[PDB]
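For reference, the structure is listed below as structure tokens.
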Amino acid sequence: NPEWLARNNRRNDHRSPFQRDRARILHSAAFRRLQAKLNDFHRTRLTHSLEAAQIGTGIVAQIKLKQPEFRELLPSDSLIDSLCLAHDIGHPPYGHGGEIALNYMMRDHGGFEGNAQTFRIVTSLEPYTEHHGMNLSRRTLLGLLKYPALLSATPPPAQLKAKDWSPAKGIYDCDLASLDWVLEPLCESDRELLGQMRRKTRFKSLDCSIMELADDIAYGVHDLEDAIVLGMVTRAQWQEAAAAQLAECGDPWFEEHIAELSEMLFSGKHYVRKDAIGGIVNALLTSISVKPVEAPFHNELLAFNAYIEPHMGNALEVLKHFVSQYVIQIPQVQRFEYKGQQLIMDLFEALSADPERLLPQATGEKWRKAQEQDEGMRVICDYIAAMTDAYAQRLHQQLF
Amino acid sequence: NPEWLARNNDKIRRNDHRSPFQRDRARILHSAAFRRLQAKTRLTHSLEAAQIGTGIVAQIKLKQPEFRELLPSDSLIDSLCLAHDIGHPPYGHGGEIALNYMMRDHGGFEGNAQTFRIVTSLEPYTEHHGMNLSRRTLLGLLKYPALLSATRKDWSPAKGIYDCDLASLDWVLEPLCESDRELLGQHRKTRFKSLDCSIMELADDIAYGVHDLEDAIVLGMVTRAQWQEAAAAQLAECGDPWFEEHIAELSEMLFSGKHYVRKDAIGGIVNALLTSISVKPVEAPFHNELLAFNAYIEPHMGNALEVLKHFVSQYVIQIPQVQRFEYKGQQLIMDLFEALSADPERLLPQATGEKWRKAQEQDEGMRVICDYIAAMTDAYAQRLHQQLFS
Ligand code: NI
Ligand code: NI
């Protein structure tokens with residue numbers, strides 16, 4: 001249906017709707033901010049999103065070669081590009097630590113969650129248009145609904161514990177109008193099935209399943225090289241954790257190649273390590289196919305997802321778990337997040353103490369307008385959510 | 001009795017013919033807990049106490065030969081003075097107050113308790129018994145030989161031994177008869193201590209009294225006008241003849257501005273305090289010779305020392321620049337404790353995170369966090385605090 005190319009709102013511009021979405025995302029302030037989030041390491045959320053985008057287009061290429069039946073349905077290069085460039089747009093300062101703080105400070109006003117924030121930025125906050133954010137095409141928006149339910153569908157009481165305040169995932173109720181618009185050309189039967197729970201949503205569109213696989217592959221492999229050279233993991237820990245589990249993961253290529261992959265990763269030469277990384281990436285990409293979703297969805301973008309081969313899934317889950325155990329869940333990273341969450345909570349409590357007086361004037365004006373609907377807190381939340389770590393540190397110093 | 005020379009666990013190389021106390025001294029010097037005294041110096045203070053301590057032993061065994069066999073060897077009295085201050089946390093008394101408050105529902109915190117816990121359990125020289133020192137050395141570190149359950153500015157800690165260290169305290173006191181053990185446990189304050197520990201306490205007191213006094217005068221923290229009114233006048237009436245006679249000159253040698261003249265005044269004071277110590281029997285029907293005798297300073301000489309100690313605390317410690325530093329330190333320690341106990345597994349170092357997981361099977365995680373903070377230097381605690389809050 002051409003309704004998937006429509007937007008909420010030149011002669012020589014012959015680009016597809018998806019090429020225009022990619023250009024908008026590339027130009028947005030929200031995208032440029034991912035560059036902020038004694039060595040020469042510069043891996044950011046922006047570089048993570050470029051690598052996901054390049055894996056995404058490679059996944060599409062492999063499916064259009066092995067499954068021609070689906071060549072009309074698969075996303076174009078710029079559509080899968082657009083979903084990977086945007087997937088991390090909504091993340092707050094200080095990663096999960098920022099997210100926990102904002103969610104707790106919004107406990108009585110809809111909460112905070114990064115995927116919801118991503119939806120809110122592209123449909124409203126990014127000022128590319130006056131009233132519809134980046135004003136992206138409907139299918140692009142559908143590809144961004146990793147959790148296509150409202151947070152009303154998906155309380156903790158009682159120094160703060162991370163387990164107690166991790167947000168549920170979904171779409172803010174204050175963005176329901178833009179969600180209703182995205183789901184409008186769906187039959188009622190597809191619409192009531194899309195919000196079905198496994199609370200945790202179960203379903204997503206085909207374009208979004210591809211982006212999720214590319215994101216998961218990027219996270220799994222492209223963090224791994226610099227973890228090795230920075231010394232965050234030794235050869236011994238790689239053998240005990242990753243290599244042994246990959247030798248028993250059940251996929252024949254990994255069981256065959258792990259010994260040689262481990263020697264290449266610890267070669268000490270970039271031109272050798274990249275071939276291990278390239279082979280891992282390629283082994284994972286070539287193991288993805290589109291199969292039908294186990295729900296009686298009627299719309300083709302919901303009736304089919306891309307799935308990775310299960311034994312290959314175990315290998316990917318070993319890699320993702322490994323980067324989480326030696327790159328993220330280390331005290332050096334977790335203290336930075338604790339500090340960030342203490343910082344975010346300070347800014348919120350001061351700024352909500354008197355928003356008109358302390359907010360920048362343009363944000364103060366948005367706060368006054370929003371109080372006609374008593375949604376002032378969400379304005380403070382958007383403002384803190386769009387800060388970089390450096391901007392938040394500077395605001396905190398001005399206040400404390 | 002050999003039992004005193006024993007260690008909690010059992011090989012010595014055939015060519016090692018050192019006494020148990022020479023090996024205790026070597027372990028203490030090689031420990032990380034000792035090396036930390038350079039940051040906290042407390043190491044300088046402990047070397048001064050050690051060298052005063054052997055001075056006391058030498059002078060007693062010359063005036064009271066009946067006790068030559070009983071007095072501690074040089075390496076034993078060395079070990080107790082080198083180890084005495086191991087348990088002190090960052091920020092000194094302000095740190096001690098904050099930790100004890102954060103541990104109010106879990107056994108408290110106290111520096112002398114921490115010292116015992118480090119040498120019996122925490123220092124990883126052995127897998128299960130810390131530095132595994134000889135029993136008599138351990139007995140010498142028990143300035144307060146009761147449990148903190150018996151002895152428990154409002155938060156200053158009571159003094160004693162942690163209940164979580166009851167096993168190694170029982171082991172240390174095991175070769176004592178019932179009557180000695182029930183006499184040793186006699187805020188409440190303990191009354192008794194071993195001979196080795198009485199000599200060490202005198203050495204720590206003389207070193208605190210005089211060697212802190214020397215830098216305060218050069219550093220300008222005390223001028224002659226306040227020295228004359230507070231300490232010098234009080235020493236002219238303290239009842240010790242040596243101080244009443246020699247106070248006027250010493251006061252001019254102390255403000256000479258020449259290091260080698262000043263050393264003579266300090267040296268004369270220390271020797272004066274040192275020669276006025278003797279071994280007398282303890283006022284209790286103890287059977288064990290190490291508990292039946294203490295070293296005591298002659299009472300009038302004792303009053304002069306308390307004039308010296310009160311002057312060093314009133315003009316070097318109880319001054320606002322130092323006290324504000326202690327208020328900050330205690331806010332900083334409480335900050336760390338609240339972040340760390342908020343999520344230990346994510347915030348503690350992985351080795352310490354592991355000890356916390358193991359310790360909660362006995363619901364002893366709070367003591368692991370307290371151990372970790374107590375072992376920080378000021379620079380460590382300050383850098384950790386910045387990682388969590390600034
Ligand atoms: Ni990602
Ligand atoms: Ni001392």
Side-chain angles (χ1 to χ4, degrees), chain A residues 93-101 103-104 156-158 160 162 165-166 227 231-234 236-237 240-241 322 324-350 389-390 392-400, chain B residues 90 98-106 327-328 330-353 355-356 359-360 363 365-390:
Chain A
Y94 305 100
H96 196 65
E99 193 184 46
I100 291 285
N103 190 48
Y104 171 76
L160 185 158
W165 294 100
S166 316
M232 303 178 57
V233 65
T234 81
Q237 329 190 298
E240 201 273 273
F322 176 89
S324 147
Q325 187 187 356
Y326 294 75
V327 174
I328 302 197
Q329 283 311 312
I330 49 182
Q332 293 177 335
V333 165
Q334 290 312 303
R335 300 161 171 159
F336 177 78
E337 295 210 339
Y338 178 97
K339 181 264 283 314
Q341 92 187 9
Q342 297 304 118
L343 206 156
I344 290 327
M345 279 192 287
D346 288 333
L347 300 186
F348 204 109
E349 273 158 352
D389 294 347
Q393 271 159 218
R394 293 182 183 174
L395 189 56
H396 195 273
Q397 283 176 266
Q398 290 183 12
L399 291 158
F400 297 94
Chain B
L99 284 174
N100 183 57
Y101 167 73
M102 298 298 307
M103 293 291 279
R104 65 196 168 280
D105 291 336
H106 302 271
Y327 180 101
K328 166 216 285 214
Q330 96 189 5
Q331 309 296 309
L332 194 150
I333 297 325
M334 294 189 284
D335 283 342
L336 297 176
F337 207 100
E338 190 46 277
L340 298 185
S341 59
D343 199 326
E345 287 190 77
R346 293 162 123 246
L347 301 173
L348 286 175
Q350 293 177 335
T352 297
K355 309 185 270 209
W356 183 94
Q360 280 292 70
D363 194 24
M366 291 271 98
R367 171 70 57 206
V368 165
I369 293 160
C370 181
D371 285 337
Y372 170 54
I373 297 170
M376 306 177 186
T377 64
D378 286 0
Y380 188 105
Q382 277 185 93
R383 213 201 261 189
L384 184 66
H385 189 280
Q386 295 181 210
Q387 283 172 19
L388 291 167
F389 297 98
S390 100

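The chains referred to below are lettered A, B, ... by the order of the sequence lines, with proteins before strands, and numbering in each begins at 1.
Listed for the A:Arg335 side chain is a donor-acceptor partner under 3.5 Å among the backbone atoms of B:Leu347.
Taking CD from A:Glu337 and CG from B:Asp343, the interatomic distance works out to 11.5 Å, rounded to the nearest 0.5 Å. Interatomic distance, B:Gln387 CD to A:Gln332 CD, rounded to the nearest 0.5 Å: 7.5 Å. B:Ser390 contributes atom OG, which lies 13.0 Å from atom CD of A:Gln342 (distance to the nearest 0.5 angstrom).
When all heavy atoms of A:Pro331 and B:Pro349 are compared, the pair lying nearest together is CG-CA, 4.4 Å.
Within 6.0 Å of the OH atom in B:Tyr380, the count of heavy atoms belonging to other residues, nucleotides or ligands exceeds 12. For B:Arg104, the CZ atom is densely surrounded, since the number of other residues' heavy atoms within 6.0 Å is greater than 12.
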